[PDB]
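File shown here: target_25.pdb, holding PDB, C-alpha atoms.
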```pdb
ATOM      1  CA  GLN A  57      38.477 -55.716 -54.953  1.00  0.00           C
ATOM      2  CA  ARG A  58      35.138 -55.855 -56.735  1.00  0.00           C
ATOM      3  CA  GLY A  59      31.899 -56.090 -54.795  1.00  0.00           C
ATOM      4  CA  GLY A  60      33.344 -55.681 -51.323  1.00  0.00           C
ATOM      5  CA  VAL A  61      33.737 -52.066 -50.200  1.00  0.00           C
ATOM      6  CA  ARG A  62      33.962 -48.472 -51.427  1.00  0.00           C
ATOM      7  CA  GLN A  63      35.740 -45.248 -50.463  1.00  0.00           C
ATOM      8  CA  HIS A  64      34.732 -41.618 -50.012  1.00  0.00           C
ATOM      9  CA  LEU A  65      35.828 -38.018 -50.526  1.00  0.00           C
ATOM     10  CA  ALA A  66      36.871 -35.027 -48.395  1.00  0.00           C
ATOM     11  CA  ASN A  67      34.983 -31.743 -48.101  1.00  0.00           C
ATOM     12  CA  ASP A  68      37.206 -28.850 -49.110  1.00  0.00           C
ATOM     13  CA  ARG A  69      38.548 -26.002 -46.930  1.00  0.00           C
ATOM     14  CA  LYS A  70      37.940 -22.298 -46.272  1.00  0.00           C
ATOM     15  CA  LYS A  71      39.135 -19.253 -44.334  1.00  0.00           C
ATOM     16  CA  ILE A  72      38.266 -15.581 -43.790  1.00  0.00           C
ATOM     17  CA  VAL A  73      40.207 -12.621 -42.384  1.00  0.00           C
ATOM     18  CA  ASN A  74      39.933  -8.850 -41.953  1.00  0.00           C
ATOM     19  CA  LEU A  75      42.372  -5.991 -41.361  1.00  0.00           C
ATOM     20  CA  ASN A  76      42.657  -2.353 -40.257  1.00  0.00           C
ATOM     21  CA  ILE A  77      44.015   0.810 -41.896  1.00  0.00           C
ATOM     22  CA  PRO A  78      46.365   3.489 -40.472  1.00  0.00           C
ATOM     23  CA  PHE A  79      46.185   7.288 -40.550  1.00  0.00           C
ATOM     24  CA  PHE A  80      48.869   9.788 -41.629  1.00  0.00           C
ATOM     25  CA  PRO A  81      48.428  13.486 -40.777  1.00  0.00           C
ATOM     26  CA  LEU A  82      50.768  16.379 -41.512  1.00  0.00           C
ATOM     27  CA  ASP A  83      50.230  20.080 -40.770  1.00  0.00           C
ATOM     28  CA  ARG A  84      52.256  23.292 -40.981  1.00  0.00           C
ATOM     29  CA  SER A  85      51.638  26.826 -39.706  1.00  0.00           C
ATOM     30  CA  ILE A  86      53.103  30.252 -40.490  1.00  0.00           C
ATOM     31  CA  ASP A  87      53.247  33.515 -38.548  1.00  0.00           C
ATOM     32  CA  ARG A  88      54.107  37.199 -38.910  1.00  0.00           C
ATOM     33  CA  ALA A  89      57.534  36.946 -37.271  1.00  0.00           C
ATOM     34  CA  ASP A  90      58.672  34.725 -40.156  1.00  0.00           C
ATOM     35  CA  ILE A  91      58.179  37.111 -43.086  1.00  0.00           C
ATOM     36  CA  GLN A  92      58.423  40.681 -41.792  1.00  0.00           C
ATOM     37  CA  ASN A  93      61.933  42.017 -42.425  1.00  0.00           C
ATOM     38  CA  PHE A  94      63.719  39.171 -44.183  1.00  0.00           C
ATOM     39  CA  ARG A  95      64.892  39.689 -47.749  1.00  0.00           C
ATOM     40  CA  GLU A  96      63.331  37.617 -50.495  1.00  0.00           C
ATOM     41  CA  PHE A  97      66.267  35.248 -50.842  1.00  0.00           C
ATOM     42  CA  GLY A  98      67.898  35.430 -54.254  1.00  0.00           C
ATOM     43  CA  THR A  99      67.210  39.157 -54.682  1.00  0.00           C
ATOM     44  CA  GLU A 100      69.240  42.203 -53.723  1.00  0.00           C
ATOM     45  CA  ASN A 101      66.565  44.338 -52.050  1.00  0.00           C
ATOM     46  CA  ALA A 102      63.123  42.800 -52.611  1.00  0.00           C
ATOM     47  CA  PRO A 103      61.258  42.252 -49.319  1.00  0.00           C
ATOM     48  CA  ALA A 104      59.825  38.906 -48.313  1.00  0.00           C
ATOM     49  CA  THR A 105      56.233  37.940 -49.065  1.00  0.00           C
ATOM     50  CA  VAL A 106      53.763  35.410 -47.702  1.00  0.00           C
ATOM     51  CA  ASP A 107      53.049  33.706 -51.031  1.00  0.00           C
ATOM     52  CA  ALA A 108      56.579  32.405 -51.533  1.00  0.00           C
ATOM     53  CA  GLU A 109      56.506  30.842 -48.068  1.00  0.00           C
ATOM     54  CA  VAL A 110      53.062  29.280 -48.531  1.00  0.00           C
ATOM     55  CA  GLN A 111      54.014  27.684 -51.850  1.00  0.00           C
TER      56      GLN A 111
ATOM     57  CA  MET B   1     125.887  37.729 -99.662  1.00  0.00           C
ATOM     58  CA  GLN B   2     129.686  37.655 -99.414  1.00  0.00           C
ATOM     59  CA  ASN B   3     131.914  34.943 -97.961  1.00  0.00           C
ATOM     60  CA  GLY B   4     134.826  36.618 -96.238  1.00  0.00           C
ATOM     61  CA  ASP B   5     135.876  39.632 -98.272  1.00  0.00           C
ATOM     62  CA  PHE B   6     136.756  38.392-101.770  1.00  0.00           C
ATOM     63  CA  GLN B   7     134.225  35.558-102.222  1.00  0.00           C
ATOM     64  CA  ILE B   8     130.481  35.385-102.854  1.00  0.00           C
ATOM     65  CA  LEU B   9     127.699  33.051-101.712  1.00  0.00           C
ATOM     66  CA  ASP B  10     124.261  31.663-102.502  1.00  0.00           C
ATOM     67  CA  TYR B  11     121.476  32.744-100.133  1.00  0.00           C
ATOM     68  CA  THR B  12     118.648  30.259 -99.577  1.00  0.00           C
ATOM     69  CA  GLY B  13     116.204  32.176 -97.363  1.00  0.00           C
ATOM     70  CA  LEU B  14     115.063  31.831 -93.773  1.00  0.00           C
ATOM     71  CA  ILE B  15     113.510  29.049 -91.678  1.00  0.00           C
ATOM     72  CA  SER B  16     111.165  29.703 -88.761  1.00  0.00           C
ATOM     73  CA  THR B  17     109.494  27.554 -86.116  1.00  0.00           C
ATOM     74  CA  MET B  18     106.935  28.157 -83.369  1.00  0.00           C
ATOM     75  CA  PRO B  19     105.854  26.012 -80.411  1.00  0.00           C
ATOM     76  CA  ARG B  20     102.529  24.266 -79.934  1.00  0.00           C
ATOM     77  CA  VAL B  21      99.514  25.697 -78.134  1.00  0.00           C
ATOM     78  CA  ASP B  22      96.475  23.615 -77.216  1.00  0.00           C
ATOM     79  CA  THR B  23      92.914  24.935 -77.434  1.00  0.00           C
ATOM     80  CA  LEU B  24      90.758  21.912 -76.548  1.00  0.00           C
ATOM     81  CA  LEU B  25      88.797  23.485 -73.695  1.00  0.00           C
ATOM     82  CA  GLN B  26      88.134  26.785 -75.474  1.00  0.00           C
ATOM     83  CA  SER B  27      86.547  24.784 -78.300  1.00  0.00           C
ATOM     84  CA  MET B  28      84.040  23.227 -75.866  1.00  0.00           C
ATOM     85  CA  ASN B  29      82.428  26.545 -74.807  1.00  0.00           C
ATOM     86  CA  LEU B  30      82.272  25.120 -71.288  1.00  0.00           C
ATOM     87  CA  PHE B  31      82.557  28.461 -69.448  1.00  0.00           C
ATOM     88  CA  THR B  32      80.412  31.589 -69.173  1.00  0.00           C
ATOM     89  CA  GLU B  33      81.973  35.052 -68.934  1.00  0.00           C
ATOM     90  CA  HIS B  34      80.663  37.914 -66.793  1.00  0.00           C
ATOM     91  CA  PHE B  35      82.059  41.452 -66.653  1.00  0.00           C
ATOM     92  CA  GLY B  36      81.695  43.195 -63.302  1.00  0.00           C
ATOM     93  CA  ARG B  37      82.874  46.463 -61.791  1.00  0.00           C
ATOM     94  CA  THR B  38      84.860  45.532 -58.658  1.00  0.00           C
ATOM     95  CA  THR B  39      87.117  42.775 -57.351  1.00  0.00           C
ATOM     96  CA  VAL B  40      84.459  41.102 -55.152  1.00  0.00           C
ATOM     97  CA  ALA B  41      81.740  38.616 -56.117  1.00  0.00           C
ATOM     98  CA  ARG B  42      78.811  37.177 -54.159  1.00  0.00           C
ATOM     99  CA  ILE B  43      76.911  33.910 -54.661  1.00  0.00           C
ATOM    100  CA  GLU B  44      73.826  32.599 -52.852  1.00  0.00           C
ATOM    101  CA  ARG B  45      72.663  28.988 -52.536  1.00  0.00           C
ATOM    102  CA  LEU B  46      69.380  27.430 -51.403  1.00  0.00           C
ATOM    103  CA  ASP B  47      68.672  23.857 -50.290  1.00  0.00           C
ATOM    104  CA  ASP B  48      65.348  22.038 -49.963  1.00  0.00           C
ATOM    105  CA  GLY B  49      64.123  18.538 -49.257  1.00  0.00           C
ATOM    106  CA  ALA B  50      61.376  16.406 -47.776  1.00  0.00           C
ATOM    107  CA  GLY B  51      60.635  14.389 -44.665  1.00  0.00           C
ATOM    108  CA  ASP B  52      58.989  11.336 -43.135  1.00  0.00           C
ATOM    109  CA  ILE B  53      55.315  10.885 -42.261  1.00  0.00           C
ATOM    110  CA  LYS B  54      54.726   8.522 -39.350  1.00  0.00           C
ATOM    111  CA  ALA B  55      51.452   6.801 -38.532  1.00  0.00           C
ATOM    112  CA  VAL B  56      49.057   8.511 -36.121  1.00  0.00           C
TER     113      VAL B  56
END
```
As structure tokens - that is how I would like this structure written.
Amino acid sequence: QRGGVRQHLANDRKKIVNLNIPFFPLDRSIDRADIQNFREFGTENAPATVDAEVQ
Amino acid sequence: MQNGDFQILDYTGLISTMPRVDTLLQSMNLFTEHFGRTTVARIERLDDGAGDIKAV
């Protein structure tokens, strides 16, 4: 009703947050005993080589 | 020709028939031919894949 009283507002809202990140390693090693005598698979007589294994 | 001994005939030729043969697959060129030297053959197969990576 006119003249009597008034009303008011409300002051918003907020929030903040933070997070963490994981870590994913992966390693692989090679040695002599792996590639000495074995045939290069898929070939009749070719000997093995390091490059094929590394790739 | 001659019917019996004292009579003649009219000759109308020969009729011939052959059975069916199917050639569907040969028309598709689906196979590859190799000519070897002996009665033994060898084949080699190789498999590969991947794996998981867990958090550390």
Residue list for chain B near chain A as a ChimeraX atom specification, 7 Å, only C-alpha atoms: /B:44,53-56
Nearest to residue 111 in chain A, chosen from A:65, A:76, A:57, A:84, with only C-alpha atoms counted in the distances: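 Closest residue, counting only C-alpha atoms: A:84.
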Chain and number of each residue from the PyMOL selection byres ((chain A and resi 90) around 12), as a PyMOL selection string: chain A and resi 85-89+91-96+104-106+108-110
Between CA of residue 2 in chain B and CA of residue 15 in chain B, distance in Å (one decimal):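 We find that CA of residue 2 in chain B and CA of residue 15 in chain B lie 19.9 Å from each other.
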Pairwise distance for CA of residue 107 in chain A and CA of residue 52 in chain B, rounded to one decimal in Å: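 That distance, rounded to one decimal, is 24.5 Å.
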Interatomic distance, CA of residue 43 in chain B to CA of residue 25 in chain B (Å, one decimal): 24.7 Å
How big is the axis-aligned box around all listed atoms of range 69-84 of chain A once 6 Å goes on each side, and where's its centre, in Å to one decimal, as lines of an AutoDock Vina configuration file?
```
center_x = 45.1
center_y = -1.4
center_z = -43.6
size_x = 26.3
size_y = 61.3
size_z = 18.7
```
